[PDB]
């Protein structure tokens, strides 16, 4: 059990960018029409493979470890491309989106562990074409903040995940 999973399911926790640390792996396939590896947690919580860093662990190590423990993605099958800006929520959670590239075929033999119900791979083009939901909420200090939702194939990608997805698409 991970605290990141609790906070991620909180409909009201706001996420933005620009003390508890975590990381998510954002794997993109090496192809003309790039897909992104996402999971549906055992409506299920849609999220990137990931979780809190253990003691002495870096964001990258956590991201790679989580993707391997969750869907059996071999770290060596991932080319690290750097990370997007950290996304965070007021309470005290910082998430580092660790970017990586995999061969499209790598997706075929992944295996879901009990924590994950299924593996979904939206194409970046599809996420871009979907009727994005753009809302806004105000933080305690008066700071406005955008909130996104990506309606894909009947599933609702919201919260921290949609926030990273949006930074990624930009």
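Of all the residues that make up the stretch 29-53, how many are within 12 Å of the chain's Cα centre (by Cα), crowded, with 19+ Cβ neighbours inside 10 Å and not in a loop (DSSP other than H, G, I, E, B)?
Number satisfying all stated conditions: 7.
Can you name the condition, by its number, that residue 156 falls short on among (1) surrounded by fewer than 16 Cβ atoms within 10 Å (Cβ to Cβ); (2) farther than 17 Å from residue 9 by Cα; (3) within 16 Å of the chain's Cα centre (by Cα)?
Condition (2) is where residue 156 drops out.
Taking the criterion of being within 17 Å of residue 163 (Cα to Cα), surrounded by 15 or more Cβ atoms within 10 Å (Cβ to Cβ) and over 12 Å from the mean Cα position of the chain (by Cα), would at least one residue in the stretch 90-111 satisfy it?
yes
Please go through (1) under 13 Å from the mean Cα position of the chain (by Cα); (2) surrounded by 15 or more Cβ atoms within 10 Å (Cβ to Cβ); (3) more than 16 Å from residue 2 (Cβ to Cβ) for residue 85 and return the number of the only condition it doesn't satisfy.
Failed condition: (2).
Does any residue of the stretch 33-41 turn out to be out of contact with any strand residue (DSSP E or B) (no Cβ under 8 Å at 6 or more places or on another chain) and within 19 Å of residue 113 (Cα to Cα)?
No - not one qualifying residue is present in the stretch 33-41.
We did not get these values from a lab; they are worked out from the coordinates using the rules stated. Heads up, the Cβs are rebuilt from the backbone with ideal geometry, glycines too, and the neighbour counts pull from every protein chain shown.
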